[PDB]
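> the data below comprise the sequence and an experimental structure of the protein.
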There are 10 protein chains.
Amino acid sequence: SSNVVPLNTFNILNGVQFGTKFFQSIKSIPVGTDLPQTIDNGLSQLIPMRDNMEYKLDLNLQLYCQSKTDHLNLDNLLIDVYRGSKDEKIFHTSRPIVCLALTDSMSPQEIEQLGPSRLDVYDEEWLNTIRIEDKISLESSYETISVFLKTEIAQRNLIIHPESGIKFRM
Amino acid sequence: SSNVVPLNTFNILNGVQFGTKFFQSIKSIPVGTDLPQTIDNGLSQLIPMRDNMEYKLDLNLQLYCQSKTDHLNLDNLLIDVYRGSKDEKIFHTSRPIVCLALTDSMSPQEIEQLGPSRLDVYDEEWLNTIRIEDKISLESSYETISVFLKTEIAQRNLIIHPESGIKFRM
Amino acid sequence: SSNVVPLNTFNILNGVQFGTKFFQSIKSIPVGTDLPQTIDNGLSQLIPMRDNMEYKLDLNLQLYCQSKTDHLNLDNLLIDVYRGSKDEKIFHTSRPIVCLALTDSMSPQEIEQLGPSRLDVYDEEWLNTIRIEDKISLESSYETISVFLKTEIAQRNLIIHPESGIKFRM
Amino acid sequence: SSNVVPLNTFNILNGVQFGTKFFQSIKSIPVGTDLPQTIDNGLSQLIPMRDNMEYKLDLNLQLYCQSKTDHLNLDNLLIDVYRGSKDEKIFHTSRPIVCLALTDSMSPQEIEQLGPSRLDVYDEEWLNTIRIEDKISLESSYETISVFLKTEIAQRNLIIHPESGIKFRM
Amino acid sequence: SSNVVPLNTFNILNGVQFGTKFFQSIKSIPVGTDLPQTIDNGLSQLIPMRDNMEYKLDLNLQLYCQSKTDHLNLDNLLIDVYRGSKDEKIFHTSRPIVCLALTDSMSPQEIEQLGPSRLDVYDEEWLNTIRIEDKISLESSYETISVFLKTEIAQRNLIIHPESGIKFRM
Amino acid sequence: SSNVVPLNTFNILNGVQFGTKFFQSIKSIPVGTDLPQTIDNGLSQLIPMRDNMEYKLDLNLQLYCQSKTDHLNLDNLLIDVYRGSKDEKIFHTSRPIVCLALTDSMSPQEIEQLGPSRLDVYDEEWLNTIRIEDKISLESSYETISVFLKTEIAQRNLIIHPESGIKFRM
Amino acid sequence: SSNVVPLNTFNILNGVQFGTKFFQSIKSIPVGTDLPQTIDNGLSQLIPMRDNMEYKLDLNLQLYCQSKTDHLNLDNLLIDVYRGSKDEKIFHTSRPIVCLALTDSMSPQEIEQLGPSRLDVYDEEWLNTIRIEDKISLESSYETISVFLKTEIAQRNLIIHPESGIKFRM
Amino acid sequence: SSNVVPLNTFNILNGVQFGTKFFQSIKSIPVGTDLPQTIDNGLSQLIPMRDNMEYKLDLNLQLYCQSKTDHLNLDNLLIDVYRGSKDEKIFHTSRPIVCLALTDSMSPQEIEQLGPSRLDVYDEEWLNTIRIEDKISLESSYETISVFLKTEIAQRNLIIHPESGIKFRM
Amino acid sequence: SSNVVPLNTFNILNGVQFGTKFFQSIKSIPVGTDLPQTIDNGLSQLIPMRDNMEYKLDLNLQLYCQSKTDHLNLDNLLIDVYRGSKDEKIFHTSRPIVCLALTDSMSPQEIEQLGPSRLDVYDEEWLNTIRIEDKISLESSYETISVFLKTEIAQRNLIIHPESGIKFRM
Amino acid sequence: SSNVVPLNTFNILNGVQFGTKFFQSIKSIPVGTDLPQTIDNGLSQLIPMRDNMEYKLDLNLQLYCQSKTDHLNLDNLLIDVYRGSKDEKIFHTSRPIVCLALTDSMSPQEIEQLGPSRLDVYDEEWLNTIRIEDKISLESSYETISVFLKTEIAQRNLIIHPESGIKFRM
């Protein structure tokens, strides 16, 4: 029922005026066809959707923001969800995020408390968890879904966690 | 009754002599029409207002101030509310705010106390909560509402929290 | 009775030889007219005053001093109250104030004690509270009141708190 | 009886070879005239003195010394009291004072102990309290009183506290 | 049954547009032939696989990331598994990793806690453990298996732990 | 009996080869004339001395030494007492003194212990107390007394405490 | 039986493209000849081996890695064992090692705990213990054994412990 | 009996090849003449000595050594005692001394323990106490006594304590 | 029996390609001649050896390694023992040693624990004790013994302890 | 019996190729002549020695080593004792010593523990105590004794303690 589609199974088109674009097509199988699930293999996969039924989208997005040159330590992530005339926007939000700068270093105290592994320290300290739930609605009649992630203040390096994805709930 | 209109559903017009402008039109539906609410999708939406009745506005504004070049660590935010001759000002106030500078960094002690996540540290330390309540009154006869946020001392980067908005109380 | 007139309802005329000037006119309504109060909306408003009666002024002035270029950490604020020939001075005083410099930064210890919010630290540490009470007397016959705030040693940035104002007591 | 005359009611004439000069005239009202007091409004006021009677002067002088360019952290204040041929000196003294330098900054420990407000820290740490009592005698026959405050080692910024003044005792 | 094939028994082809490539051929012995194991000697060895049976691959990958010139302290490792027209991708994933920079040094406290040996400190602090399990499926009909490890943000030095390898489960 | 003559009632003649010179004349009133005392007003006053009787001088000298340019932190003060041919020396001594340098600053710990006021810290830490007692003898027949204070190693700023003076004992 | 051959009894040929080479010839004495042992004198000695019997090699390698110029604090040691056409490789492995940099210094705490002698601190902290056991097999028919130790990332100084050697087990 | 002759009552002749010279003549009064004492006034005084009797000299020498330019923190003081052909040396010794350098400053801890007064800290920390006792013998037949104090390594500033002198014991 | 020959009784020939050379001749006295001992006076002495008997050498070598310019904090000492065609090597070994660098300084804690004397701290912390025992054998037929001490990585200053020497056991 | 001859009673001849030379002649008084002692006055004195009897010399040598320019913190002192053809060496030894450098400064902790006086800190921390006992033998037939102290690594400043000397035991 709750088909989770990871973002690595989307088509990625990086740009400079719109940030990162996650677009993917939609396949509409008819009723009584045993809805399949999206294989979590990081391969471009068409999203299975019931033929005529409204689907509600839950966006789970974990990412690491890292500064390129400007080294500003706070930024605003812009999320824009589109759908298949031209594409019409159905959702837009902004989320303040923390971005790694070259002047940031772990204190020895942070190693002792947050975990000896330094990946754990970034997971508990710098990971940006963004969850848009019960806000996006999409129907299978539309044949395209697009997600835009753009940094507002400065152009930066975004490291999207592999488990980030959109949950297509019943 | 208490229709909350988030600021991301307003039309944004950034400038250099007036700061950021949040203008939006007003729709006047007649009585007995089941007042709708503003969908929190970040899309430009006309504000629903009762046909002939005085509305009181409560401005909730959470934002992150961040210095561009001047790096001054304190600023004065200027809030100016207009309405639809030319637009007439109905409210004006100033609020001192704290702005992130490139010379500011978290101490290890702040990580331990305010929260391991560094977004929590900014939320509890640098977030500017500004609440103008029971001070602004607007009637549905006027067909425009405008909010101006301008920094006085220096031109800066303002990161408005997504939950910031104006509450149109009964 | 105790009509509080905030300074943002005054007319502001910034200069370079006299500092900031807060001038505003006076309206003299006759007796038995239900003395109104000044609306705290930050809009230029004539001060209501009883037709023939001596009023005593209490100046409440909270402000943030911040250094522009000189970066001197102490200054002398000069307060001069005038009234409506030319304007005649009726009160003058000086108050030492603390001014933010670019070499000043919060210690981690100050965050823990004075409050996690950094605006609280400035409120409890750098805010200059100046209260002139029972020293200024003005009658409604005069049709102008002017307040001058000037820094003596150096030209600086003054951030006047929005609640600063003059209380016109019975 | 103990008429306190604040120094801001004197005439101030700043110079470069003599420092700051506080000169003011004297009015001699006759006996049985209900000796008035000096209004603490910071306005130039003639000092009321009994017609024929010796008055003893108590000089209360609180000030903030602040270095201009030399940044020396200790200085010698020279106090010279004159009276109304030319003016004849009747008192002279020197008082070592502490002067703020641009290399001085508060430790976090001083904030916790001496008071969260940084004006309190300067009041308890850098304020120079100078009290000359029972040393100066002046009669109302002389029609002028002059006080000179000059820094000896270097030319500096003196911030005289508003409550500083001369007490004309019975 | 669970034949573990270390990555040092693969053929290594370092590049600049695709990172490090681990390609190796597959030998298909028939049934009833006493499946041999891969000798852990770091020598190029053909992978033994049952003639007609689906094998599931478990990728165990421990590595040390170290910055060359860019000195960025966080990176995204890209894993792409291919198989033997041209090679078709069957799996792709990204894993955030921590990379040693020349500005990083051990604190004395880390020596006391994580172990006196400094290799233990890197093992418990900087070693990137990446385990893809129950996600990759490969059949012996295909005669080639390829693994690509590429750093996304910057070109870096990857030190693959000798025990890293792919487990060919029953 | 013990007439204390403060040094500010002497005539001061600063030089460069002899340091600071404190010279003053002597008045010899006859017996049975009610020996007066020296008024502590900082005005040049002739020293009252009994007509024919040996007087013993006690030199009390408190001063603040402060470095001009050389910034050496220790110096040798040279005291030479003369009397009224040419003047004949009757006493000479040297006293090591501590001199303020521009590289000296108070620690926060010194504020807590020696006193919150920073003038108290200099009084208890840098004030040079020099007391020559029962060593100098002068008779009223001689009509001049001269005291020379000169720094030996370097030319410096001496801040003589106002209470410093010579006690003319019975 | 377990003849231990220290590496200092090998022939050393340092290079730049292959690192350090430890090559030595093999003498094949016949059966019933009282197998001698290798004298631990650091002199080039032929390895005694039984005439026709498979020998298993256990490599014990303790070394100190020290950075020359690059100062990177982690490296990958490459071990390649050859034997006597051209030489054929029979074993290859990689071992991450810790390398001394010029920015590394002992904390006083490490002296107290790991031992007062500073050679003990390096022995317990920086010594790289590498033991390849039960992985290398060599027969006496081959007349040459070669061991290559090469640093992968950077060219460094390797200080091989004198007790390092290869154990030729029964 | 134990006539103490302070060094300031000697004739001082500073040089560059021999350091500081303390020479003074000797007066030989006959027996039964009530041996006088040397007045401690810092004036050149002939040393009283019994006509025909061997005197033993005890040299008490307290001094402050301070570096001029070389800033070396240790020196060797050379003491040479002569007497009245040419002068013949009767005693010579060397004493290591500590010399103030411009890189030396008091720690806050030294203020708390050794005394709040900074002259006490130098008295207990940098004062060089040199006492040659029961080593020098001089007879009144010789009419001259000379003491040479010279620094060996470098030319420095010596601040001889006023109580330093030679004790002429019975 | 156990004749200890200190290394200072050897002939020292410092070089640049071989390090320090300790060569000395051998005298062969016949049996029944009361074997003398080597006088520990630091003078070149022929080593007494029994005419025809194998002697076993025990090398005791304590030294201080100190960096000249390279300042590397770890080195490898190379010991080569020769004997009297050309000289034939009979022993060779390498010993890792710790070398003083100009960036190394004692902590105050090391003074308290390892001993107040700073020579004790070097004795317990930086002294390299090297003891080769029961490994070197030399017969009196050979008329020369040579010991070479050379630093491998860098040319350094070796301070050989005076008690270092070779023990010629029975 | 145990005549102690301080080194300051020797003739000193400083050089550059041999260091400091302490040479002095020997006087041979016959038996039954009441052996005198060497007066500790720092004057060149012939050493008294019994006419025909072997004397054993005990060298007591305390000195302060201080770096001139090289600033190396460890050195090797070379002691060579000669006697009166040319002079023949009878003893030679080397002693590692600690030398003051311009980068060395006392910690506040060392003042508290080793003694408030800073000369005590050097006495307990930097003083080099060298005692050669029961190693040197000299007979009165030889008419000259010479002691050479030379620093090996670098030319330095040696401050020999005044109590250093040679004890001529019975």
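Arrived safely, thanks for sending. Residues are numbered from 1 along each chain as shown, chains lettered A, B, ... in the order given.

> show me which residues of chain A sit near chain B.
Residues of chain A that fall close to chain B, judged by C-beta under 8 Å from any C-beta of the partner chain: A:71-76, A:89-98, A:103-104, A:107, A:109-110, A:113-114, A:124-128, A:135-136, A:152-153. For every residue, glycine as well, the C-beta is placed using N, CA and C.

> from those, keep the buried residues only.
Burial by neighbour count, judged by 16 or more other C-beta atoms under 10 Å in any protein chain shown, picks out A:72-76, A:90-98, A:104, A:107, A:110, A:114, A:124-128, A:135-136 from these.

> near chain E at all, the helix or strand hosting residue A:56?
Assigned by DSSP states H and E, residue A:56 falls within strand A:54-67. Yes. Using C-beta under 8 Å from any C-beta, we find that strand A:54-67 touches chain E at A:64, A:66.

> that strand pairs with which strands?
Taking DSSP bridges as the criterion, strand A:54-67 forms sheet pairs with strand A:88-100 (parallel), strand A:128-139 (antiparallel), strand A:156-160 (antiparallel), strand A:165-169 (antiparallel).

> what's the burial count for residue A:31?
9 (other C-beta atoms under 10 Å in any protein chain shown).

> what sits against it?
Taking C-beta atoms under 8 Å, 6 or more residues apart in numbering or on different chains, we find residue A:31 in contact with A:50, A:51.

> how close does it get to residue A:50?
7 Å (C-beta to C-beta, to the nearest Å).

> and residue A:162, by the same measure?
27 Å.

> can you check residue A:106 too?
Residue A:106 is 48 Å from residue A:50, by C-beta to C-beta.

> same thing with residue A:119?
39 Å.

> before we move on, the earlier item: which of residue A:162 and residue A:50 has more neighbours?
residue A:162 (20 against 17).

> what about the strands paired with strand A:54-67, which gets the closest to residue J:146?
strand A:88-100 (71.1 Å; C-beta to C-beta).

> centre of the chain to the closest one, how far?
10 Å (C-alpha atoms, centre = their mean, to the nearest Å).

> likewise stretch A:127-143?
9 Å.

> got it, and stretch A:84-103?
For stretch A:84-103, the distance to the chain centre is 9 Å (C-alpha atoms, centre = their mean).

> so what's the residue most central in space within chain A up against?
Residue closest to the average C-alpha location in chain A (C-alpha atoms, centre = their mean): residue A:61, at 4.1 Å. Residues near residue A:61 by C-beta under 8 Å, 6+ apart: A:7, A:79, A:129, A:130, A:131, A:132, A:149, A:160, A:164.

> just put these in TSV and tack on neighbour count.
Shown next, in TSV, are the contacts of residue A:61 (neighbours: other C-beta atoms under 10 Å in any protein chain shown):
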residue	neighbour count
A:7	25
A:79	21
A:129	14
A:130	16
A:131	11
A:132	19
A:149	21
A:160	22
A:164	18
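
> list just the nearest of the residues you listed to residue I:16.
Nearest to residue I:16 among those, with distances taken as C-beta to C-beta, is residue A:160, at 59.8 Å.

> so how far is residue A:100 from the closest residue to that closest one other than its chain neighbours?
In space, and not counting its chain neighbours, residue A:160 is closest to residue A:63: 4.7 Å by C-beta to C-beta, 6 or more residues apart in numbering or on different chains. Distance check for residue A:63 against residue A:100: by C-beta to C-beta, it reads 11 Å.

> could you do residue A:10 as well?
25 Å.

> over to residue A:137?
Residue A:137 is 35 Å from residue A:100, by C-beta to C-beta.

> of the two, give the one with the bigger neighbour count.
residue A:100 (22 against 13).

> ok so, going back, for the contacts of residue A:61, which one is nearest chain C?
residue A:129 (21.3 Å; C-beta to the nearest C-beta).

> so what sits opposite the closest one in the bridge?
Bridge pairing for residue A:129 - DSSP bridges - gives residue A:62.

> surely it touches residue A:62?
Yes. Residue A:129 is within contact range of residue A:62, at 5.4 Å (criterion: C-beta atoms under 8 Å).

> residue A:57: neighbour count?
For residue A:57, using other C-beta under 10 Å, the count is 21.

> also residue A:20?
Counted by other C-beta under 10 Å, the residues lying close to residue A:20 total 18.

> one more: the one 4 residues further on?
Burial of residue A:24, expressed as a neighbour count using other C-beta under 10 Å, amounts to 20.

> in a strand, it, correct?
Yes. Assigned with DSSP: H, G, I helix; E, B strand; the rest coil, residue A:24 falls within a strand.

> ok, the nearest residue to it once chain neighbours are set aside to chain E distance?
In space, and not counting its chain neighbours, residue A:24 is closest to residue A:10: 4.5 Å by C-beta to C-beta, 6+ apart. From residue A:10 across to chain E, the span is 12 Å (C-beta to the nearest C-beta, to the nearest Å).

> how about residue A:10, what does it touch?
A:22, A:23, A:24, A:44, A:147.

> dump those to a markdown table, plus distance to residue I:67.
Shown next, in a markdown table, are these (distance: C-beta to C-beta, whole Å):
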| residue | distance to residue I:67 |
| --- | --- |
| A:22 | 57 |
| A:23 | 62 |
| A:24 | 63 |
| A:44 | 60 |
| A:147 | 59 |
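
> what about burial for those, which qualify?
Judged by 16+ other C-beta under 10 Å, buried ones among the contacts of residue A:10: A:22, A:23, A:24, A:147.
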